[PDB]
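J.: Structure file entry_7.json, JSON, N, CA and C atoms, is pasted below:
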[["chain", "number", "residue", "atom", "x", "y", "z"],
["A", 1, "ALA", "N", -60.44, 8.26, -54.57],
["A", 1, "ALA", "CA", -59.48, 7.90, -55.60],
["A", 1, "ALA", "C", -58.72, 9.13, -56.09],
["A", 2, "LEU", "N", -58.97, 10.27, -55.46],
["A", 2, "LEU", "CA", -58.27, 11.51, -55.79],
["A", 2, "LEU", "C", -57.81, 12.24, -54.53],
["A", 3, "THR", "N", -57.96, 11.61, -53.37],
["A", 3, "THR", "CA", -57.52, 12.23, -52.13],
["A", 3, "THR", "C", -56.88, 11.22, -51.20],
["A", 4, "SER", "N", -56.73, 9.98, -51.66],
["A", 4, "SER", "CA", -56.18, 8.93, -50.82],
["A", 4, "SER", "C", -54.97, 8.33, -51.51],
["A", 5, "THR", "N", -53.84, 8.30, -50.81],
["A", 5, "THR", "CA", -52.63, 7.73, -51.38],
["A", 5, "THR", "C", -52.84, 6.24, -51.60],
["A", 6, "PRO", "N", -52.61, 5.74, -52.80],
["A", 6, "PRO", "CA", -52.82, 4.31, -53.06],
["A", 6, "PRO", "C", -52.14, 3.45, -52.02],
["A", 7, "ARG", "N", -52.92, 2.73, -51.23],
["A", 7, "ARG", "CA", -52.37, 1.94, -50.15],
["A", 7, "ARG", "C", -52.31, 0.47, -50.53],
["A", 8, "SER", "N", -51.83, -0.36, -49.61],
["A", 8, "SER", "CA", -51.80, -1.79, -49.83],
["A", 8, "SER", "C", -52.66, -2.47, -48.78],
["A", 9, "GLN", "N", -53.07, -1.71, -47.78],
["A", 9, "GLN", "CA", -53.92, -2.22, -46.72],
["A", 9, "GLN", "C", -54.54, -1.06, -45.96],
["A", 10, "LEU", "N", -55.86, -1.01, -45.89],
["A", 10, "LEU", "CA", -56.54, 0.07, -45.19],
["A", 10, "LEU", "C", -56.07, 0.13, -43.75],
["A", 11, "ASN", "N", -55.87, 1.34, -43.25],
["A", 11, "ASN", "CA", -55.41, 1.49, -41.88],
["A", 11, "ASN", "C", -54.04, 0.84, -41.77],
["A", 12, "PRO", "N", -53.10, 1.18, -42.64],
["A", 12, "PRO", "CA", -51.78, 0.58, -42.55],
["A", 12, "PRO", "C", -51.12, 0.95, -41.22],
["A", 13, "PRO", "N", -50.43, 0.01, -40.60],
["A", 13, "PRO", "CA", -49.99, 0.20, -39.21],
["A", 13, "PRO", "C", -48.78, 1.10, -39.01],
["A", 14, "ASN", "N", -48.04, 1.45, -40.06],
["A", 14, "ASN", "CA", -46.89, 2.34, -39.90],
["A", 14, "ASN", "C", -46.78, 3.18, -41.18],
["A", 15, "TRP", "N", -47.33, 4.38, -41.13],
["A", 15, "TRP", "CA", -47.23, 5.26, -42.27],
["A", 15, "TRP", "C", -45.76, 5.62, -42.49],
["A", 16, "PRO", "N", -45.20, 5.34, -43.65],
["A", 16, "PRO", "CA", -43.77, 5.59, -43.85],
["A", 16, "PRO", "C", -43.44, 7.07, -43.81],
["A", 17, "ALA", "N", -42.17, 7.41, -44.00],
["A", 17, "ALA", "CA", -41.68, 8.77, -43.81],
["A", 17, "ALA", "C", -41.86, 9.63, -45.06],
["A", 18, "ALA", "N", -42.59, 9.13, -46.05],
["A", 18, "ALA", "CA", -42.72, 9.86, -47.30],
["A", 18, "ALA", "C", -44.16, 10.24, -47.60],
["A", 19, "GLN", "N", -45.09, 9.34, -47.30],
["A", 19, "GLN", "CA", -46.49, 9.58, -47.61],
["A", 19, "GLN", "C", -47.23, 10.17, -46.42],
["A", 20, "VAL", "N", -46.49, 10.65, -45.43],
["A", 20, "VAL", "CA", -47.05, 11.36, -44.28],
["A", 20, "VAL", "C", -46.56, 12.80, -44.33],
["A", 21, "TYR", "N", -47.36, 13.72, -43.80],
["A", 21, "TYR", "CA", -47.14, 15.15, -43.99],
["A", 21, "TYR", "C", -45.98, 15.63, -43.12],
["A", 22, "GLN", "N", -44.78, 15.60, -43.69],
["A", 22, "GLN", "CA", -43.65, 16.30, -43.11],
["A", 22, "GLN", "C", -43.85, 17.80, -43.25],
["A", 23, "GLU", "N", -43.41, 18.54, -42.24],
["A", 23, "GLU", "CA", -43.49, 20.00, -42.25],
["A", 23, "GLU", "C", -42.08, 20.56, -42.37],
["A", 24, "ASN", "N", -41.80, 21.18, -43.51],
["A", 24, "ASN", "CA", -40.58, 21.94, -43.66],
["A", 24, "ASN", "C", -40.83, 23.41, -43.35],
["A", 25, "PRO", "N", -40.15, 23.99, -42.39],
["A", 25, "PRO", "CA", -40.24, 25.44, -42.20],
["A", 25, "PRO", "C", -39.10, 26.14, -42.91],
["A", 26, "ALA", "N", -39.27, 27.42, -43.24],
["A", 26, "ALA", "CA", -38.20, 28.15, -43.87],
["A", 26, "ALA", "C", -37.03, 28.25, -42.90],
["A", 27, "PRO", "N", -35.80, 28.28, -43.42],
["A", 27, "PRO", "CA", -34.64, 28.41, -42.53],
["A", 27, "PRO", "C", -34.75, 29.67, -41.69],
["A", 28, "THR", "N", -34.35, 29.55, -40.43],
["A", 28, "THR", "CA", -34.48, 30.62, -39.46],
["A", 28, "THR", "C", -33.23, 31.48, -39.51],
["A", 29, "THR", "N", -33.28, 32.55, -40.29],
["A", 29, "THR", "CA", -32.17, 33.49, -40.38],
["A", 29, "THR", "C", -32.16, 34.38, -39.15],
["A", 30, "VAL", "N", -31.09, 34.31, -38.38],
["A", 30, "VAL", "CA", -30.93, 35.12, -37.19],
["A", 30, "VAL", "C", -29.83, 36.14, -37.44],
["A", 31, "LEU", "N", -30.11, 37.38, -37.02],
["A", 31, "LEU", "CA", -29.15, 38.47, -37.14],
["A", 31, "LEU", "C", -28.28, 38.47, -35.89],
["A", 32, "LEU", "N", -27.19, 37.72, -35.95],
["A", 32, "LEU", "CA", -26.23, 37.73, -34.86],
["A", 32, "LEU", "C", -25.88, 39.17, -34.52],
["A", 33, "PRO", "N", -26.31, 39.68, -33.36],
["A", 33, "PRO", "CA", -26.17, 41.11, -33.08],
["A", 33, "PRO", "C", -24.75, 41.66, -33.17],
["A", 34, "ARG", "N", -23.76, 40.87, -32.73],
["A", 34, "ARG", "CA", -22.45, 41.39, -32.37],
["A", 34, "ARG", "C", -21.33, 40.54, -32.98],
["A", 35, "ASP", "N", -20.17, 41.16, -33.18],
["A", 35, "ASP", "CA", -18.95, 40.44, -33.55],
["A", 35, "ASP", "C", -18.08, 40.34, -32.31],
["A", 36, "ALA", "N", -17.82, 39.12, -31.86],
["A", 36, "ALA", "CA", -17.12, 38.95, -30.60],
["A", 36, "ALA", "C", -15.68, 39.44, -30.71],
["A", 37, "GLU", "N", -15.08, 39.33, -31.89],
["A", 37, "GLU", "CA", -13.69, 39.74, -32.03],
["A", 37, "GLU", "C", -13.51, 41.20, -31.68],
["A", 38, "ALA", "N", -14.29, 42.09, -32.30],
["A", 38, "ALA", "CA", -14.20, 43.51, -32.01],
["A", 38, "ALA", "C", -14.60, 43.86, -30.59],
["A", 39, "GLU", "N", -15.65, 43.24, -30.06],
["A", 39, "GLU", "CA", -16.03, 43.50, -28.68],
["A", 39, "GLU", "C", -14.92, 43.14, -27.71],
["A", 40, "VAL", "N", -14.29, 41.98, -27.90],
["A", 40, "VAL", "CA", -13.19, 41.59, -27.02],
["A", 40, "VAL", "C", -12.02, 42.54, -27.17],
["A", 41, "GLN", "N", -11.67, 42.92, -28.40],
["A", 41, "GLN", "CA", -10.57, 43.86, -28.56],
["A", 41, "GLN", "C", -10.86, 45.17, -27.85],
["A", 42, "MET", "N", -12.05, 45.73, -28.03],
["A", 42, "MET", "CA", -12.40, 46.97, -27.37],
["A", 42, "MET", "C", -12.41, 46.84, -25.85],
["A", 43, "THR", "N", -12.98, 45.77, -25.32],
["A", 43, "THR", "CA", -12.96, 45.59, -23.88],
["A", 43, "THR", "C", -11.56, 45.42, -23.33],
["A", 44, "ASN", "N", -10.66, 44.77, -24.06],
["A", 44, "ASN", "CA", -9.27, 44.70, -23.65],
["A", 44, "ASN", "C", -8.64, 46.08, -23.64],
["A", 45, "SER", "N", -8.96, 46.90, -24.63],
["A", 45, "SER", "CA", -8.38, 48.24, -24.69],
["A", 45, "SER", "C", -8.70, 49.07, -23.46],
["A", 46, "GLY", "N", -9.74, 48.73, -22.72],
["A", 46, "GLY", "CA", -10.06, 49.46, -21.51],
["A", 46, "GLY", "C", -11.51, 49.89, -21.45],
["A", 47, "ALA", "N", -12.16, 49.97, -22.60],
["A", 47, "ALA", "CA", -13.57, 50.32, -22.65],
["A", 47, "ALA", "C", -14.34, 49.34, -21.78],
["A", 48, "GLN", "N", -15.59, 49.68, -21.46],
["A", 48, "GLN", "CA", -16.39, 48.88, -20.55],
["A", 48, "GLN", "C", -17.80, 48.73, -21.12],
["A", 49, "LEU", "N", -17.89, 48.31, -22.38],
["A", 49, "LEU", "CA", -19.14, 48.22, -23.11],
["A", 49, "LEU", "C", -20.30, 47.86, -22.20],
["A", 50, "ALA", "N", -21.39, 48.62, -22.27],
["A", 50, "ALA", "CA", -22.54, 48.38, -21.41],
["A", 50, "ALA", "C", -23.75, 49.01, -22.06],
["A", 51, "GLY", "N", -24.77, 48.21, -22.31],
["A", 51, "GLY", "CA", -25.98, 48.71, -22.94],
["A", 51, "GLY", "C", -26.59, 47.66, -23.84],
["A", 52, "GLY", "N", -27.72, 48.03, -24.44],
["A", 52, "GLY", "CA", -28.45, 47.12, -25.31],
["A", 52, "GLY", "C", -27.59, 46.51, -26.40],
["B", 1, "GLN", "N", -29.94, 79.80, 36.36],
["B", 1, "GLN", "CA", -29.85, 80.67, 35.19],
["B", 1, "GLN", "C", -30.43, 79.82, 34.12],
["B", 2, "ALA", "N", -30.16, 80.14, 32.91],
["B", 2, "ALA", "CA", -30.81, 79.39, 31.87],
["B", 2, "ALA", "C", -30.33, 79.99, 30.58],
["B", 3, "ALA", "N", -30.58, 79.38, 29.45],
["B", 3, "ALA", "CA", -30.14, 80.09, 28.26],
["B", 3, "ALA", "C", -30.89, 79.64, 27.10],
["B", 4, "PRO", "N", -30.41, 79.97, 25.95],
["B", 4, "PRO", "CA", -31.14, 79.60, 24.86],
["B", 4, "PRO", "C", -30.57, 78.28, 24.50],
["B", 5, "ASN", "N", -31.11, 77.60, 23.52],
["B", 5, "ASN", "CA", -30.44, 76.36, 23.11],
["B", 5, "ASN", "C", -29.70, 76.64, 21.84],
["B", 6, "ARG", "N", -28.73, 75.86, 21.51],
["B", 6, "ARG", "CA", -27.91, 76.28, 20.40],
["B", 6, "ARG", "C", -28.76, 76.00, 19.26],
["B", 7, "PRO", "N", -28.70, 76.81, 18.26],
["B", 7, "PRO", "CA", -29.47, 76.54, 17.18],
["B", 7, "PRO", "C", -28.97, 75.61, 16.12],
["B", 8, "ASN", "N", -29.81, 74.72, 15.65],
["B", 8, "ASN", "CA", -29.46, 73.73, 14.63],
["B", 8, "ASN", "C", -30.56, 73.81, 13.62],
["B", 9, "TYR", "N", -30.29, 74.13, 12.40],
["B", 9, "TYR", "CA", -31.36, 74.03, 11.44],
["B", 9, "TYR", "C", -31.19, 72.65, 10.89],
["B", 10, "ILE", "N", -32.13, 71.97, 10.28],
["B", 10, "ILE", "CA", -31.90, 70.58, 9.86],
["B", 10, "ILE", "C", -32.57, 70.40, 8.56],
["B", 11, "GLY", "N", -31.95, 70.63, 7.44],
["B", 11, "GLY", "CA", -32.66, 70.59, 6.16],
["B", 11, "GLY", "C", -32.02, 69.77, 5.11],
["B", 12, "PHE", "N", -32.64, 69.53, 3.98],
["B", 12, "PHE", "CA", -32.06, 68.56, 3.06],
["B", 12, "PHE", "C", -30.84, 69.00, 2.35],
["B", 13, "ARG", "N", -29.99, 68.07, 1.99],
["B", 13, "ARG", "CA", -28.66, 68.41, 1.51],
["B", 13, "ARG", "C", -28.76, 69.25, 0.24],
["B", 14, "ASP", "N", -27.72, 70.04, -0.01],
["B", 14, "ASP", "CA", -27.66, 70.91, -1.18],
["B", 14, "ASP", "C", -27.77, 70.07, -2.45],
["B", 15, "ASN", "N", -28.43, 70.59, -3.48],
["B", 15, "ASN", "CA", -28.79, 69.79, -4.65],
["B", 15, "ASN", "C", -29.30, 68.42, -4.23],
["B", 16, "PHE", "N", -29.93, 68.33, -3.06],
["B", 16, "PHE", "CA", -30.35, 67.07, -2.49],
["B", 16, "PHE", "C", -29.22, 66.04, -2.57],
["B", 17, "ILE", "N", -28.02, 66.46, -2.17],
["B", 17, "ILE", "CA", -26.86, 65.58, -2.22],
["B", 17, "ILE", "C", -27.10, 64.37, -1.34],
["B", 18, "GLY", "N", -27.14, 63.19, -1.96],
["B", 18, "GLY", "CA", -27.21, 61.96, -1.22],
["B", 18, "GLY", "C", -28.57, 61.30, -1.26],
["B", 19, "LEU", "N", -29.60, 62.05, -1.65],
["B", 19, "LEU", "CA", -30.94, 61.47, -1.69],
["B", 19, "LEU", "C", -31.00, 60.30, -2.65],
["B", 20, "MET", "N", -30.39, 60.43, -3.82],
["B", 20, "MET", "CA", -30.31, 59.31, -4.74],
["B", 20, "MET", "C", -28.98, 58.58, -4.57],
["B", 21, "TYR", "N", -28.98, 57.31, -4.94],
["B", 21, "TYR", "CA", -27.84, 56.42, -4.70],
["B", 21, "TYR", "C", -26.85, 56.56, -5.84],
["B", 22, "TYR", "N", -25.97, 57.54, -5.73],
["B", 22, "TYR", "CA", -24.90, 57.74, -6.69],
["B", 22, "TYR", "C", -23.61, 57.08, -6.21],
["B", 23, "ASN", "N", -22.82, 56.61, -7.17],
["B", 23, "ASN", "CA", -21.47, 56.13, -6.88],
["B", 23, "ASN", "C", -21.48, 54.84, -6.08],
["B", 24, "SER", "N", -22.66, 54.38, -5.68],
["B", 24, "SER", "CA", -22.75, 53.11, -4.98],
["B", 24, "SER", "C", -23.16, 52.01, -5.95],
["B", 25, "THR", "N", -22.26, 51.07, -6.18],
["B", 25, "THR", "CA", -22.48, 50.04, -7.18],
["B", 25, "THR", "C", -23.65, 49.15, -6.82],
["B", 26, "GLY", "N", -23.85, 48.87, -5.54],
["B", 26, "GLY", "CA", -24.93, 48.01, -5.12],
["B", 26, "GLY", "C", -26.27, 48.56, -5.55],
["B", 27, "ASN", "N", -26.62, 49.74, -5.05],
["B", 27, "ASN", "CA", -27.90, 50.33, -5.41],
["B", 27, "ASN", "C", -27.76, 51.28, -6.59],
["B", 28, "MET", "N", -27.14, 50.84, -7.68],
["B", 28, "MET", "CA", -27.04, 51.68, -8.86],
["B", 28, "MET", "C", -28.34, 51.59, -9.65],
["B", 29, "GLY", "N", -28.60, 52.58, -10.49],
["B", 29, "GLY", "CA", -29.85, 52.60, -11.23],
["B", 29, "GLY", "C", -29.75, 51.82, -12.52],
["B", 30, "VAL", "N", -30.68, 52.07, -13.44],
["B", 30, "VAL", "CA", -30.64, 51.45, -14.75],
["B", 30, "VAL", "C", -31.35, 52.36, -15.74],
["B", 31, "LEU", "N", -30.91, 52.33, -16.99],
["B", 31, "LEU", "CA", -31.67, 52.96, -18.06],
["B", 31, "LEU", "C", -31.42, 52.19, -19.34],
["B", 32, "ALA", "N", -32.30, 51.24, -19.66],
["B", 32, "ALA", "CA", -32.14, 50.40, -20.82],
["B", 32, "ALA", "C", -33.45, 50.32, -21.60],
["B", 33, "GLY", "N", -33.32, 50.05, -22.89],
["B", 33, "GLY", "CA", -34.49, 49.89, -23.72],
["B", 33, "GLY", "C", -35.40, 48.83, -23.14],
["B", 34, "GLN", "N", -36.71, 48.99, -23.32],
["B", 34, "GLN", "CA", -37.65, 48.08, -22.67],
["B", 34, "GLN", "C", -37.36, 46.63, -23.02],
["B", 35, "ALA", "N", -36.78, 46.38, -24.19],
["B", 35, "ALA", "CA", -36.20, 45.09, -24.52],
["B", 35, "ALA", "C", -34.69, 45.17, -24.36],
["B", 36, "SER", "N", -34.07, 44.02, -24.14],
["B", 36, "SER", "CA", -32.63, 43.98, -23.88],
["B", 36, "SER", "C", -32.30, 44.80, -22.63],
["B", 37, "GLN", "N", -32.78, 44.35, -21.48],
["B", 37, "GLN", "CA", -32.68, 45.12, -20.24],
["B", 37, "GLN", "C", -31.24, 45.38, -19.84],
["B", 38, "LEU", "N", -30.29, 44.93, -20.65],
["B", 38, "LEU", "CA", -28.90, 45.27, -20.40],
["B", 38, "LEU", "C", -28.79, 46.72, -19.95],
["B", 39, "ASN", "N", -28.21, 46.93, -18.77],
["B", 39, "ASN", "CA", -28.07, 48.27, -18.24],
["B", 39, "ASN", "C", -27.35, 49.17, -19.23],
["B", 40, "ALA", "N", -27.50, 50.48, -19.08],
["B", 40, "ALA", "CA", -26.78, 51.42, -19.92],
["B", 40, "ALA", "C", -26.07, 52.46, -19.07],
["B", 41, "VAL", "N", -26.26, 52.40, -17.76],
["B", 41, "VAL", "CA", -25.59, 53.28, -16.82],
["B", 41, "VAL", "C", -24.85, 52.42, -15.81],
["B", 42, "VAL", "N", -23.53, 52.41, -15.91],
["B", 42, "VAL", "CA", -22.67, 51.56, -15.09],
["B", 42, "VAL", "C", -21.78, 52.48, -14.27],
["B", 43, "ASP", "N", -22.00, 52.51, -12.97],
["B", 43, "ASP", "CA", -21.32, 53.44, -12.09],
["B", 43, "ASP", "C", -20.21, 52.71, -11.33],
["B", 44, "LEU", "N", -19.30, 53.48, -10.75],
["B", 44, "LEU", "CA", -18.16, 52.95, -10.02],
["B", 44, "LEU", "C", -18.06, 53.63, -8.65],
["B", 45, "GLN", "N", -16.97, 53.35, -7.94],
["B", 45, "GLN", "CA", -16.71, 54.05, -6.68],
["B", 45, "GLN", "C", -15.63, 55.11, -6.80],
["B", 46, "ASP", "N", -15.15, 55.37, -8.01],
["B", 46, "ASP", "CA", -14.07, 56.33, -8.16],
["B", 46, "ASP", "C", -14.58, 57.64, -8.74],
["B", 47, "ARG", "N", -15.37, 57.58, -9.80],
["B", 47, "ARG", "CA", -16.06, 58.77, -10.25],
["B", 47, "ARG", "C", -17.04, 59.19, -9.17],
["B", 48, "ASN", "N", -16.72, 60.29, -8.48],
["B", 48, "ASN", "CA", -17.58, 60.78, -7.41],
["B", 48, "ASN", "C", -18.57, 61.77, -8.00]]
Here is the file; what I need is its structure written in the form of structure tokens.
T.:
Amino acid sequence: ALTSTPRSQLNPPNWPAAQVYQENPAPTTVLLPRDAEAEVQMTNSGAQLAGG
Amino acid sequence: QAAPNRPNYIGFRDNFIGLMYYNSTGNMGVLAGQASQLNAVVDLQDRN
């Protein structure tokens, strides 16, 4: 009575989308390495960017 | 009669010229951080 969500029928056949353990993960912040605008401008200028 | 044979010494090129694959794009080397294997040495056929 302190660990069971009040049900209407034991072993209910379809646990709804609210009383079941959804997992929220923290938003995945990615550090986009590069700015394509500057890379394209530099490569057009004649440079030949190459490396990590 | 008979003679000597012409002499030919046969030794490795100066500064070992040619032992490593320079200026050849096919067998070019690489030097990149252990991650992001993006090459960092890009060779051509014009810079000799």
J.: Restricting the calculation to only N, CA and C atoms, which member of B:3, B:36, B:8, B:24 is positioned closest to chain A?
T.: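 Counting only N, CA and C atoms, the residue closest to chain A is B:36.
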J.: Quick check: residues of chain A within 8 Å of chain B, all atoms listed in the file, returned as a PyMOL selection string.
T.: chain A and resi 49-52
J.: Could you please determine the separation between CA of residue 17 (chain B) and CA of residue 43 (chain B) in Å, to one decimal place?
T.: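 So the answer is 16.6 Å.
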J.: Find the distance between atom N of residue 23 (chain B) and atom C of residue 44 (chain B) and write it in Å to one decimal.
T.: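 Atom-to-atom, atom N of residue 23 (chain B) to atom C of residue 44 (chain B), that is 5.8 Å.
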J.: What is the distance between CA of residue 6 (chain B) and CA of residue 18 (chain B), in Å to one decimal?
T.: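 CA of residue 18 (chain B) lies at a distance of 25.9 Å from CA of residue 6 (chain B).
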J.: Give the centre and edge lengths of an axis-aligned box, in Å to one decimal, that holds all listed atoms of region 22-39 of chain A with 6 Å on each side, as AutoDock Vina command-line options.
T.:
--center_x -29.1 --center_y 29.7 --center_z -35.8 --size_x 43.3 --size_y 40.3 --size_z 28.2
